[PDB]
Every structure is written in structure tokens, then in C-alpha cells.
Peer 1: 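Provided herewith is a single structure, encoded as C-alpha cells, for subsequent inquiry.
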Amino acid sequence: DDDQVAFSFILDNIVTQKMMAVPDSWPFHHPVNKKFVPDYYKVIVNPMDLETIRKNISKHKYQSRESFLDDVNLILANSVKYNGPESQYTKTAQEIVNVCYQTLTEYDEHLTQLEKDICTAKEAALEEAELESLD
Ligand SMILES: C=CCCn1cc(-c2cc(C(=O)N3CCOCC3)cc3c2ncn3C)c2cc[nH]c2c1=O
């Protein structure tokens, strides 16, 4: 449990201190309200925003950077689909993605260790669950 909690706390700090700090990133902070953007959900089948990512982190959805990056990269993919690649929204989404990748890279050593520990704790719990299943 301790490694997963630490990993989640680190991901949350990247979201609030780096990604939400990107200038003009406010349109990405919360889910789109269709009352302001009427056809958003007709175009975007897999919506994503920074609040949803923080909610996912609170629930410990991410065990590795790969699953975290899958949701982060959706923010950029959704913007290119809805706004076009040339849009100022897309430029902001790219800057949110950039600061995320750059921050994760600066934490590479410690995040690799936490990911290995999360995986080790998971595998050990599953082996124990299988052995005790006949009790
Ligand atoms: C999360 C990813 C979506 C990014 N995004 C956002 C908006 C956008 C969303 C909202 C909105 O619904 N809000 C505000 C934030 O709090 C919740 C309610 C309001 C907006 C907006 N643009 C101008 N206003 C006044 C927009 C418009 C055209 N393309 C986009 C676009 O790609």
C-alpha cells in the first residue's frame, strides 16, 4: 500500500503544480459543460480533463506512468480532434503534455523504483490469494 500511496501523491503534485500551472490551461482543468460547448460530446467520445485525472489518482487508478500518460495524452488527442492541430487550445494542451513528460523524466529513478515495488506488492498479494483460496 505505501508505494502506491507515494506514487499517487507524486502524480497529484505533477497535476496541480506543473500541469494546472501551465498559462491559459484553465479550459482543461474541469470537464466540458455542454451548455458552453454544445457539440463537444458529439465529437469527443473519450473526454478527459485534469480534475478527472486527479479523481483517478485519488482512487489509485495508476500503478505506472504508462496508464497515467494514456489519460494525459487523451487531453492532447481530444484537442486536435475538436479544435484542430493549429488551434491555441492544442498549443496549450501540448504544453500541458510537455511539462508532464519533462517532470516524469526528472523523477525517473524514484518512479521506476515505486513502480517495481507496486508490481512486487501486487504479484505477492495474488500468489498469497491463490494459495489461500482453498481455506
Ligand atoms: C478538458 C478539455 C476541453 C478543452 N476545451 C475547453 C473549452 C471550453 C470549456 C468551457 C467549459 O465548459 N467550462 C470551463 C472550464 O470549467 C468547466 C466548464 C468553457 C469555455 C471553453 N472555451 C471557452 N469557454 C468560455 C473549449 C471551447 C472550444 N474548444 C474547447 C476545448 O477544447
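We count residues from 1, following the sequence as given.
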Peer 1: At their closest point, which heavy atom of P31 faces which heavy atom of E51, and how far apart are they?
Peer 2: CD-OE1, 3.6 Å

Peer 1: Just wondering, are more than 12 heavy atoms of other shown residues or ligands nearer than 6.0 Å to CD in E127?
Peer 2: no

Peer 1: Exactly one of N33, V32, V37 should register a side chain to side chain contact (heavy atoms under 4.5 Å, CB included) with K35. Which one does?
Peer 2: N33

Peer 1: Does any part of the side chain of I10, heavy atoms only, come nearer than 4.5 Å to the side chain of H110, both counted from C-beta?
Peer 2: yes

Peer 1: Where do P23 and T92 come nearest, in terms of heavy atoms and distance?
Peer 2: O-CG2, 3.9 Å

Peer 1: What donor-acceptor contacts under 3.5 angstrom involve side-chain atoms of residues 56-67, with partners at least two apart or in another chain?
Peer 2:
residue : atom : partner : partner atom : Å
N56     : ND2  : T52     : O            : 3.4
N56     : ND2  : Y62     : OH           : 3.0
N56     : ND2  : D71     : OD2          : 3.3
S58     : OG   : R54     : O            : 3.4
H60     : ND1  : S8      : OG           : 2.8
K61     : NZ   : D71     : OD2          : 2.8
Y62     : OH   : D71     : OD2          : 2.7
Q63     : NE2  : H60     : O            : 2.8
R65     : NE   : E115    : OE2          : 2.9
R65     : NH1  : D108    : OD1          : 2.7
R65     : NH2  : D108    : OD1          : 3.4
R65     : NH2  : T112    : OG1          : 2.9
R65     : NH2  : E115    : OE1          : 3.1
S67     : OG   : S64     : O            : 3.2

Peer 1: Is a donor from one side chain sitting under 3.5 angstrom from an acceptor on the other, for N98 and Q94?
Peer 2: yes

Peer 1: If you compare all heavy atoms of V97 against all heavy atoms of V72, which two are closest, and at what distance to 0.1 Å?
Peer 2: CG2-O, 4.0 Å

Peer 1: Which heavy-atom pair separates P85 from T90 by the least distance, and what is that distance?
Peer 2: O-CG2, 3.5 Å

Peer 1: Return the CD1 to CE distance between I53 and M20, rounded to the nearest 0.5 Å.
Peer 2: 8.5 Å

Peer 1: Ignoring hydrogens and angles, tell me if any N or O in the side chain of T120 forms a donor-acceptor pair with the backbone of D117 under 3.5 Å.
Peer 2: no

Peer 1: Can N13 and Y107 be counted as having a side-chain donor-acceptor contact under 3.5 angstrom?
Peer 2: no

Peer 1: Check whether any side-chain N or O of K91 sits under 3.5 Å from a backbone N or O of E86 as a donor-acceptor pair, and report yes or no.
Peer 2: yes

